[PDB]
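**Q** Structure incoming, see below.
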Amino acid sequence: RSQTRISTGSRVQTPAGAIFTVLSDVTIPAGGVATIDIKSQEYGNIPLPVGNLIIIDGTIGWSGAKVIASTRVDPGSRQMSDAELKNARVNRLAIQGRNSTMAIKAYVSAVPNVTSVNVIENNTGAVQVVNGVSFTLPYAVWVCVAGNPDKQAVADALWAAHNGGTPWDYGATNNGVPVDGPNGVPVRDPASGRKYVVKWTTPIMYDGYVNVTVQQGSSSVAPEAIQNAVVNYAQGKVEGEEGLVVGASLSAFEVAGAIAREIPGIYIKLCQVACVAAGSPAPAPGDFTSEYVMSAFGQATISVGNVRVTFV
Amino acid sequence: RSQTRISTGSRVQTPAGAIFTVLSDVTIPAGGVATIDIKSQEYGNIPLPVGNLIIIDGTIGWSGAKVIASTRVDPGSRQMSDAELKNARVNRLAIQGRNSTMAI
Amino acid sequence: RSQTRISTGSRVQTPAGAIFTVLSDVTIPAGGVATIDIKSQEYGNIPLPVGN
Amino acid sequence: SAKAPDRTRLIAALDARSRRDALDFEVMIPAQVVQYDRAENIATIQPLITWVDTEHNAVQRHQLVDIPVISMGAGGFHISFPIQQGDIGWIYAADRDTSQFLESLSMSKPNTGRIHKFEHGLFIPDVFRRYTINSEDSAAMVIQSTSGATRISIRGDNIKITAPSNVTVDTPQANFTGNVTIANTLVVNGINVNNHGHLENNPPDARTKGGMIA
Amino acid sequence: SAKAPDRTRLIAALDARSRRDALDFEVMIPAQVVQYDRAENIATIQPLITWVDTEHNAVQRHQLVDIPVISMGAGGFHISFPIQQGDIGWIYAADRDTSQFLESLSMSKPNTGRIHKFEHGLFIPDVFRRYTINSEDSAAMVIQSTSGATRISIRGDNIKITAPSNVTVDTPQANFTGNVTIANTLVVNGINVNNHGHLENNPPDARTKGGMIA
Amino acid sequence: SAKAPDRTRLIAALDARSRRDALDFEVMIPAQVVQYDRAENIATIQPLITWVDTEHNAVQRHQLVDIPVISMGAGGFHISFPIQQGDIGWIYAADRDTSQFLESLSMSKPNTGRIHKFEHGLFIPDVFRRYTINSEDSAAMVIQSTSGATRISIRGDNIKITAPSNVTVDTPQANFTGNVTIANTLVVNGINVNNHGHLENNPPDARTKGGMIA
């Protein structure tokens, strides 16, 4: 009790968290208080809830732990975007607009931690199916949002780009994944009146694989620089070719092209891909084909180990 | 036993005590002594009749306590009555007078 | 266990080995680490394949 | 406490400064215990070496409170002694403040800049010559009492666990392997092997004569 | 770490120099054991008192490898404890380099000129608060385990050698001289003296019923 | 012992002065015992760290007499070892002259002005690597002999008191609360319980056949 914690108190998590105390606190006679703190740099590894170590402090300071009741926020960094900004330019080319499918896509992309989005307007309203994904209502806009943003912020953005009298259709069972099932996020209208409802969906997770046959020709050796190129292309760091997005489809020819632009002179022979659901084991060599349809709803992901390269 | 309870030994009760000892006193060999204390802040305080917490010790002293015989004075505080001086003024508008209900 | 095997710690063999470690390396706690070596002199030396 | 031919040569003041700087370099002196508690292992300590002024008076030093006392233990196998007021020993001094290290017993910063001071240090107890060793324990590790009657005298070959009262052992499962020389009764579970007996059927319940004879 | 009004007066410069020279005087700090082996009595040690720079950042000190650990023995009767990683104590410092003395234990020169540095010295273990004393061993030399279950409690008169499991003694020629109070069976040479018996001639091969009874 | 570019800059002479002032600051070195008596706990001591001159010769230090030897005792419960000539340890230095304190064991003035000298100090015995620990006593407080045969090995649960010759106990009132597993004879009061018998009325003085049979 009655101990004042000085500013810039060090606090290291077990995998070298290196968190800093930003504001000073005073311990009340109860013996347990609450402090706020920040990560030292751009990146902070996820702190497992343990008793945080005390490095720099006063004389009395005993210990400090972490509980799930504590709050969090997820960083996003690394130009951010450097050369995929050229890709994002064509997507968010209508940020300054509102009340349109393109403006909706642009704004919901401008939300942080939104890797990709898909928007369907289904404007010839007769229920039916338009451009994939069935629609219960005649006129309704369906939004598939990848990434892991905050529901509140993305809901605010979706309401900001509202279009007026278009509902949000996200049903058809398997079509997407409902974010909160029926009766989605309420959000509040900035023009004060009622708590509305905005419905968007999350794409179905898919796990992809790649089998490559290369010759290692031209006297240029590269044992495991292939999967790095494949994963870079999948994540979208290449210029002009967006990676595995909601509307994307895992294509052997695209994987081959990315591999070649990263390193030429290997004479790629086979680039079978195939893909499975979020779980499931490896799809066996029988499944490895040249393409996957990869319907509009759904996002594929290529792990670092899911690419296997063979020298011939 | 024979602990040197030195001046400004910080003590604390429930409502943020912050009580110091006026002058240093040395413990008598019996083990029971009485000290005189003051409050850090300058506000009207009500110390509980039970010893609550101490800050400064040589780890030998167990604890202080408040007895019924202890003299407690609730102290006046600046003005705190700063907006309610306007309230108290109407009531005490006849302090300088005597022999009346309002003066009383 | 987790010993800081400092840089250019030297070793010897039967035919006057005198081979130093190249760079600083701290061994893994398992009980075996991989190091690099440099001979002192500029003559063709063939260390025996036994730990000496 | 100065000398007149100082302030004349630079090295005079330099050596005076060296002496005054090494005089405050508190390292190690004998000390006595004013207070102690075994649960906390911190003892109020009064040093046993006085100060002296020019007039040749001894100014007694100041009591040092909350000085950790050595226990000499590793892996939890520590050695304890009943430290009480009136005991004497040696107090050491720390390179830096250990007030912040005391409460935590972990990697911690020095709280204050009081370097090489007796404010922070140890207290290794030591009885000096105030002990009596029995003649039979001349060359033998003797761990004994004040005068010495409960001495554990470990010799090069044998041991002797002496005591005037008892060897009460709370272990239940001695696995002793060797010949004993118990020259007394046994009172084993209140049966007294030395005077025990037996009962048979012919004669019936024949309380065998005597006690215990080979 | 400097003050502006230094560099103005000579004794300002001189006391800054004295402070630095005394700061480099490594004497004694608490420390911890990183590595240890009982066969060679040298332990890698991490000091437990941080450094501090002007920014008020603490830089952990450096591991001090191959520091001898005290044993407190004379005539070969030493005392040993299972020093393990993570145990704390205090490290001392030598007047000169004891590196040449370590491998020989004989009169030898200081190998280098490194004076009063922590990097040559000893490590005396100490448990501080990390031990529990039972109330029955208040005023008694009590040597126990970590929490305290195998305490040898040498009192002023009696001895209490506690052990949860067994008090196995490997001596072959016990010469204990005094009344015992064993409150259980004896299983002397696997015969269970408590439930023992006898056989006589009339009756012949007569299992004397019962055990020992007065 | 000097360097040419000294006597040119003031700080050169200053740091040379610091080096020479810290060279005479005796704190602690390994040492050996040439005389000792267990009655008074004072030992004549030869330090084991040579001085070295300019020509690179070792000049042996001087023998130090009447140095108190630690005993690690409190409340009268001290620990002693057979300190004999030839054992090695560590000698410390006192902040002031403790000669006047030695004979009095009370609060006394420093007799002289000699500060931080090995003329007055302690000698803690230490065996270093000169011992052998049995494999059975890996994690166990072992208090043993030189090679190790009379080891008291106190483990976390059990305690083994080994002795090659005898485990004589001079107390008369053992209160062992449990059972033994003594796998040999007993010779209790010279009667050999293991081969004991009994006599009864029918047959009169019928010497029980055999010794002990369950």
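Using ideal geometry, Cβ is built from the backbone for each residue, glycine included, and neighbour counts are taken over all protein chains shown. We did not get these values from a lab; they are worked out from the coordinates using the rules stated.
Conditions tested, residue by residue: (1) away from chain E (no Cβ under 12 Å); (2) β-branched (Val, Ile, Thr); (3) on the phi > 0 side of the Ramachandran plot.
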{"position": "F:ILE88", "(1), (2), (3)": "no, yes, no"}
{"position": "F:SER99", "(1), (2), (3)": "yes, no, no"}
{"position": "F:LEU105", "(1), (2), (3)": "yes, no, yes"}
{"position": "F:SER108", "(1), (2), (3)": "yes, no, no"}
{"position": "F:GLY113", "(1), (2), (3)": "yes, no, no"}
{"position": "F:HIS116", "(1), (2), (3)": "no, no, yes"}
{"position": "F:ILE124", "(1), (2), (3)": "no, yes, no"}
{"position": "F:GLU136", "(1), (2), (3)": "no, no, no"}
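**Q** Only one residue in A:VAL73, A:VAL108, A:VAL67 is away from chain D (no Cβ under 14 Å) and either in contact with a helix residue (DSSP H, G or I) (Cβ under 8 Å, 6 or more places away or on another chain) or in a helix (DSSP H, G or I) (or both). Which one?
**A** The conditions single out A:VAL108.
**Q** Only one residue in A:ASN118, A:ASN113, A:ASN123 is over 16 Å from the mean Cα position of the chain (by Cα) and of a type outside the set (A, V, I, L, M, F, W, C), so which one is that?
**A** Result: A:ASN123 is the single residue among A:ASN118, A:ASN113, A:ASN123 that is over 16 Å from the mean Cα position of the chain (by Cα) and of a type outside the set (A, V, I, L, M, F, W, C).
**Q** Still on this structure, please answer the following. Out of everything in the stretch A:25-40 that is more than 14 Å from chain B (Cβ to nearest Cβ) and in a loop (DSSP other than H, G, I, E, B), what residue ends up being farthest from A:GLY51 (Cα to Cα)?
**A** The initial filter retains those residues of the stretch A:25-40 that are more than 14 Å from chain B (Cβ to nearest Cβ), namely A:25, A:32, A:34-40.
Checking the rest, the ones that are also in a loop (DSSP other than H, G, I, E, B) come to A:32, A:34-36, A:40.
Numbers: A:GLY32: 13, A:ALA34: 14, A:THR35: 14, A:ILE36: 15, A:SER40: 18 Å.
So the residue we want is A:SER40.
**Q** Tell me which strands (runs of 3 or more DSSP E) are completely within the stretch E:139-214 and hold 3 or more residues being more than 7 Å from chain D (Cβ to nearest Cβ), or say none if there are none.
**A** Details: elements: E:141-143, E:152-154, E:159-161.
Where strands (runs of 3 or more DSSP E) fall fully within the stretch E:139-214, none carries at least 3 residues being more than 7 Å from chain D (Cβ to nearest Cβ).
**Q** Please enumerate the residues belonging to the stretch B:15-24 that are touching a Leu at 6+ places or on another chain (Cβ under 9 Å) and either facing another protein chain (nearest Cβ under 7 Å) or surrounded by 19 or more Cβ atoms within 10 Å (Cβ to Cβ) (or both).
**A** Listed by number, the list holds a single entry, B:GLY17.
Residue-by-condition table, conditions (1) part of a loop (DSSP other than H, G, I, E, B); (2) of a type in the set (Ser, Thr, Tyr); (3) out of contact with any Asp or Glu (no Cβ under 6 Å at 6 or more places or on another chain):
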position: A:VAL198; (1), (2), (3): yes, no, yes
position: A:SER219; (1), (2), (3): yes, yes, yes
position: A:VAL231; (1), (2), (3): no, no, yes
position: A:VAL238; (1), (2), (3): yes, no, yes
position: A:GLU241; (1), (2), (3): yes, no, yes
position: A:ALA256; (1), (2), (3): no, no, yes
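**Q** Got at least one residue in the stretch C:27-43 being out of contact with any strand residue (DSSP E or B) (no Cβ under 8 Å at 6 or more places or on another chain) and among the acidic types (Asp, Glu)?
**A** yes
**Q** Next up: List the pairs whose first member sits in the stretch E:162-191 and is charged (D, E, K, R), whose second member is surrounded by fewer than 19 Cβ atoms within 10 Å (Cβ to Cβ), and whose Cβ atoms are under 7 Å apart, counting only residues at least 6 apart or on separate chains?
**A** E:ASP170/D:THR177
**Q** Next up: Name every residue in the stretch F:28-44 that is facing chain D (nearest Cβ under 8 Å) and either under 16 Å from E:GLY75 (Cβ atoms) or in contact with a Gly (Cβ under 9 Å, 6 or more places away or on another chain) (or both), in order of residue number.
**A** F:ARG38, F:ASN41
**Q** Kindly indicate the residue of the stretch E:24-59 that is among the polar types (S, T, N, Q) and in a loop (DSSP other than H, G, I, E, B) and also farthest from A:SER10 (Cα to Cα) among those meeting that condition. Let's see the steps before the verdict.
**A** Taking the stretch E:24-59 first, the residues among the polar types (S, T, N, Q) are E:32, E:35, E:41, E:44, E:46, E:50, E:54, E:57.
Next cut, in a loop (DSSP other than H, G, I, E, B) only: E:41, E:50, E:54, E:57.
Values: E:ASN41: 36, E:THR50: 14, E:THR54: 15, E:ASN57: 9 Å.
It comes out as E:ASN41.
**Q** Further question: Report, by residue number, each residue of the stretch A:120-167 that is in contact with a strand residue (DSSP E or B) (Cβ under 9 Å, 6 or more places away or on another chain), in a strand (DSSP E or B) and surrounded by fewer than 22 Cβ atoms within 10 Å (Cβ to Cβ).
**A** A:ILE120
**Q** Then there is this: Which of the residues spanning the stretch B:1-22 are assigned to a strand (DSSP E or B) and among the basic types (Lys, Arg)?
**A** Hits for the stretch B:1-22 are B:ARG5, B:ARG11.
**Q** In the stretch D:85-99, is there at least one residue being touching a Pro at 6+ places or on another chain (Cβ under 7 Å), among the aromatic types (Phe, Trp, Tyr) and assigned to a loop (DSSP other than H, G, I, E, B)?
**A** no
**Q** Now a separate question. Quick check on my filter: what residues within the stretch D:60-83 are outside any loop (DSSP other than H, G, I, E, B) and facing chain E (nearest Cβ under 7 Å)?
**A** Passing the criteria: D:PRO68, D:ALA74, D:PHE77, D:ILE79.
**Q** Could you count how many residues in the stretch F:193-208 are surrounded by fewer than 17 Cβ atoms within 10 Å (Cβ to Cβ) and under 19 Å from E:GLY190 (Cα atoms)?
**A** 1
**Q** State the number of residues belonging to the stretch B:43-58 that are of a type outside the set (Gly, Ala, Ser), under 8 Å from B:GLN13 (Cα atoms) and assigned to a loop (DSSP other than H, G, I, E, B).
**A** Looking only at that region, the number is 3.
**Q** Looking at (1) surrounded by fewer than 20 Cβ atoms within 10 Å (Cβ to Cβ); (2) within 22 Å of A:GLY164 (Cα to Cα), which is the one condition that is false for A:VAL117?
**A** (1)
**Q** Taking the stretch A:94-114 as the search range and keeping residues that are closer than 13 Å to A:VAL141 by Cα and among the hydrophobic types (A, V, I, L, M, F, W, C), which one is surrounded by the most Cβ atoms within 10 Å (Cβ to Cβ)?
**A** First, pick out the residues of the stretch A:94-114 that are closer than 13 Å to A:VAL141 by Cα: A:99-105.
From what's left, among the hydrophobic types (A, V, I, L, M, F, W, C): A:102-104.
Numbers: A:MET102: 16, A:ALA103: 20, A:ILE104: 26.
Here the residue is A:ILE104.
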